[PDB]
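Here's the structure we're looking at; comments come further down.
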Ligand SMILES: Cc1nnn(C)c1-c1cc2c(cc1F)c1ncc(C(C)(C)O)cc1n2[C@H](c1ccccc1)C1CCOCC1
């Protein structure tokens, strides 16, 4: 009946780092997916109140969205690229869990996922 609070995007207790991999994840990976026509349902946490789905946050215990990823990268929340990649993986996995193959949202996630995995193969060295 209420939306849970969004995931943290900032932590003063969390050590900050700016690596070539992390600048690539913001400037190339995030930027590509953020401007894609299918990005919009993934750009903010699932507003399960507006959308009238109070079962969303009962099935999905680890929510993630691109808005949260974008802020985390801008806030140097991540120490390594692998924590950011795991958040992208969580965002897509959540969509596949709640929904089922052939659903338009699932097809939109797959197109974004395809484009993400292509960009991650091209990740620079440390
Ligand atoms: C991600 C994600 N992962 N799982 N889900 C359920 C979503 C998700 C799905 C969303 C929206 C937001 C979401 F975060 C959303 N926002 C607004 C509207 C309008 C404007 C219409 O009112 C429709 C929306 N939905 C739609 C849908 C609603 C309910 C069940 C499934 C899908 C989809 C939006 C694309 O086109 C396909 C349907």
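Cβ placement follows ideal geometry from the backbone for every residue including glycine, while neighbour counts extend to all protein chains displayed. Bear in mind these aren't lab numbers, they're just calculated from the coordinates by the rules spelled out.
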Restricting to the range 1-31, give me the number of residues that are over 20 Å from residue 75 (Cβ atoms) and more than 16 Å from the ligand (Cβ to nearest atom).
2
Return yes or no: is residue 58 surrounded by 17 or more Cβ atoms within 10 Å (Cβ to Cβ) and under 24 Å from residue 104 (Cβ atoms)?
no
Restricting attention to the range 74-93, the residues that are over 17 Å from residue 115 (Cβ atoms) and surrounded by 20 or more Cβ atoms within 10 Å (Cβ to Cβ) number exactly 3
Has the range 42-64 got any residue that is out of contact with any strand residue (DSSP E or B) (no Cβ under 6 Å at 6 or more places or on another chain), more than 11 Å from the ligand (Cβ to nearest atom), closer than 25 Å to residue 12 by Cβ and not in a loop (DSSP other than H, G, I, E, B)?
no
